[PDB]
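1. Just to be clear, this is only the beginning of the complex, oriented as in the whole thing:
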Amino acid sequence: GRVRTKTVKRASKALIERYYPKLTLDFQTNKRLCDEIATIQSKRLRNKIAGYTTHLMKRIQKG
């Protein structure tokens, strides 16, 4: 039904490769931290980036 675009996966790759400290696998600490450390224009695309970093932080401690 829904597939994320490339620009969500581009910015999420830029977040994980350098902000592995100060971020955990919880969404609410991944959502309010992108308000200042990144310049995202809209809220809708901002939650889609933090919704996809949270999806990838779950599968780092697993494998």
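-> Happy to help now that I have it. Residues are numbered from 1 along each chain as shown, chains lettered A, B, ... in the order given.

2. and residue A:50, how many residues sit next to it?
-> 24 (other C-beta atoms under 10 Å). In short, each C-beta sits where N, CA and C put it, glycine included.

3. who does the helix or strand residue A:30 falls within touch, helix- and strand-wise?
-> Using DSSP states H and E, residue A:30 maps to helix A:28-31. Applying 3 or more C-beta pairs under 8 Å, 6 or more residues apart in numbering; DSSP states H and E, we find helix A:28-31 packed against helix A:43-58.

4. Can you list the helices and strands that the helix it packs on packs against?
-> helix A:6-16, helix A:28-31, helix A:34-37.

5. Just the C-alpha atoms of that helix, please, in CSV.
-> What follows is helix A:43-58, C-alpha atoms only, in CSV (Å, rounded to 0.1, in the frame of the first residue of the first chain):
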residue,chain,number,x,y,z
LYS,A,43,6.0,17.7,10.0
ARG,A,44,4.7,14.9,7.8
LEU,A,45,8.1,14.2,6.1
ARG,A,46,9.8,14.7,9.5
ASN,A,47,7.7,11.9,11.1
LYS,A,48,8.4,9.6,8.1
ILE,A,49,12.2,10.0,8.6
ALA,A,50,11.9,9.3,12.4
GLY,A,51,9.5,6.5,11.7
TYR,A,52,12.1,4.9,9.5
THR,A,53,15.2,5.5,11.7
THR,A,54,13.2,3.8,14.5
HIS,A,55,12.5,0.8,12.2
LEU,A,56,16.3,0.5,11.5
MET,A,57,17.4,0.9,15.1
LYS,A,58,15.3,-2.2,15.9
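
6. Can you list the neighbours in contact with it?
-> A:4, A:7-9, A:11-12, A:15-16, A:23-27, A:30-31, A:34-35, A:38, A:40 (C-beta atoms under 8 Å, 6 or more residues apart in numbering).

7. ok so, going back, among the helices and strands packed on helix A:43-58, which comes closest to residue A:63?
-> helix A:6-16 (14.8 Å; C-beta to C-beta).

8. ok, now chain B:
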Amino acid sequence: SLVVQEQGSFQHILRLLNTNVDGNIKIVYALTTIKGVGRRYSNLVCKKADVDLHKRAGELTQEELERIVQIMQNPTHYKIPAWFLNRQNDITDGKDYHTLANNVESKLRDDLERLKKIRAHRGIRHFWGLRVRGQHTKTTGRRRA
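-> That brings us to chain B, laid onto the chains above:
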């Protein structure tokens, strides 16, 4: 209410003003079969002669049938405010006349005769049997009967 139980004196289809009356129905539609009067005029006459509208034709006493005809032959004297009649400000004498059973067929012919002998456009359109009230006859009116 109450069902009548006297005898078999019920009277159906019997004719008044030379045109037949539909029997064994509501008394407000006994007059509506007459060509020239309608449903509104039949309800007004039956409310001025002390006639119960919750009945059929029923008994139809001869003292009651004559009062219905008396109203229809003299409408301008029996409390009708003259905005209710069909033929008003007549071309004959300027009075207010009400048409009857065999009268509305003759007066409609006389209303078409005085327009064909003066060569007016409201009357010449009836000579070919076309529409006179000025509408599009492009698509409609393709039957002739």
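
9. same question on the contacts of helix A:43-58, but now with chain B added
-> Contacting residues not belonging to helix A:43-58 are listed as A:4, A:7-9, A:11-12, A:15-16, A:23-27, A:30-31, A:34-35, A:38, A:40 [C-beta atoms under 8 Å, 6 or more residues apart in numbering or on different chains].

10. That one vs helix A:6-16, what angle?
-> 50 degrees (axes from the mean of the first three to the mean of the last three C-alpha atoms, to 10 degrees).

11. buried stuff in helix A:43-58?
-> A:46, A:48, A:49, A:50, A:52, A:53, A:54, A:57 (16 or more other C-beta atoms under 10 Å in any protein chain shown).

12. residues contacting the residue positioned nearest the centre of chain B?
-> Nearest residue to the geometric centre of chain B (C-alpha atoms, centre = their mean): residue B:37, 1.4 Å. Counting by C-beta under 8 Å, 6+ apart, residue B:37 touches B:31, B:72, B:98, B:99, B:100.

13. Turn the residues you listed into a markdown table, columns for distance to residue B:84, neighbour count and secondary structure.
-> Shown next, in a markdown table, are the contacts of residue B:37 (distance: C-beta to C-beta, whole Å; neighbours: other C-beta atoms under 10 Å in any protein chain shown; DSSP: H, G, I helix; E, B strand; the rest coil):
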| residue | distance to residue B:84 | neighbour count | secondary structure |
| --- | --- | --- | --- |
| B:31 | 14 | 22 | coil |
| B:72 | 13 | 22 | helix |
| B:98 | 9 | 22 | coil |
| B:99 | 13 | 20 | coil |
| B:100 | 16 | 19 | coil |
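
14. now these in a markdown table, with distance to residue B:113?
-> Below are these laid out as a markdown table (distance: C-beta to C-beta, whole Å):
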| residue | distance to residue B:113 |
| --- | --- |
| B:31 | 28 |
| B:72 | 25 |
| B:98 | 21 |
| B:99 | 16 |
| B:100 | 19 |
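
15. about what we covered before: CA-only coordinates of the helix holding residue A:30 in CSV, if you can.
-> C-alpha atoms of helix A:28-31 as CSV (Å, rounded to 0.1, in the frame of the first residue of the first chain):
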residue,chain,number,x,y,z
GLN,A,28,9.4,9.9,20.9
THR,A,29,13.1,10.6,21.5
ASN,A,30,13.7,10.2,17.8
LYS,A,31,10.9,12.7,16.9
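
16. Chain C comes next; put it on the structure above:
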Amino acid sequence: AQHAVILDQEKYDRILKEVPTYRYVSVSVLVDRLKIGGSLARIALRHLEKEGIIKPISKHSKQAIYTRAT
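-> So, slotting chain C in with the rest:
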């Protein structure tokens, strides 16, 4: 099929006998079975309800439901 809007004496005796025999009576019951008019069938329901022969379990303007006396 013609329907009688005016009662007869031989037809009035038929109403008082056959109606409490029936399980379900209504407007459409009296027109189809007893061969009376539709306008007359409404008046005959109030005549039997007032005397107490038929019993209303539901009363509505469009549909009239009446049962026998228990």
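
17. in the helix holding residue A:30, what counts as buried?
-> Buried residues in helix A:28-31, counting neighbours by 16+ other C-beta under 10 Å, are found at A:30, A:31.

18. List of residues touching it?
-> So helix A:28-31 is contacted by A:23, A:24, A:46, A:47, A:50, A:53, A:54, A:57 (C-beta under 8 Å, 6+ apart).

19. between these, which is closest to chain B?
-> Here the nearest of those to chain B, counting by C-beta to the nearest C-beta, is residue A:47; it sits at 61.0 Å.

20. so residue C:21 is in which element?
-> Judged by DSSP H and E, residue C:21 forms part of no helix or strand.

21. so who does residue B:107 touch?
-> B:87, B:99.

22. Quick check: the residue of chain B nearest chain C.
-> For chain B, C-beta to the nearest C-beta, closest residue to chain C: residue B:3, 4.3 Å.

23. count of neighbours near that residue?
-> For residue B:3, the tally of surrounding residues (other C-beta atoms under 10 Å in any protein chain shown) stands at 14.

24. so residue B:114 makes contact with residue B:91?
-> Yes - Residue B:114 is in contact with residue B:91 according to C-beta atoms under 8 Å; the separation is 7.1 Å.

25. Please say which of these two ends up with more neighbours.
-> Applying other C-beta under 10 Å to residue B:114 and residue B:91 shows that residue B:114 carries more neighbours, namely 12 against 9.

26. State the next helix or strand along the chain beyond the helix or strand containing the more buried one.
-> Element membership for residue B:114 (DSSP H and E) is helix B:104-116. With elements assigned by DSSP H and E, the helix or strand that comes after helix B:104-116 is helix B:121-124.

27. And the longest helix seen in chain C, what's buried?
-> When chain C is parsed with DSSP state H, its longest helix is helix C:38-51. Buried positions in helix C:38-51, judged by neighbour count with 16+ other C-beta under 10 Å: C:40, C:41, C:43, C:44, C:45, C:48.
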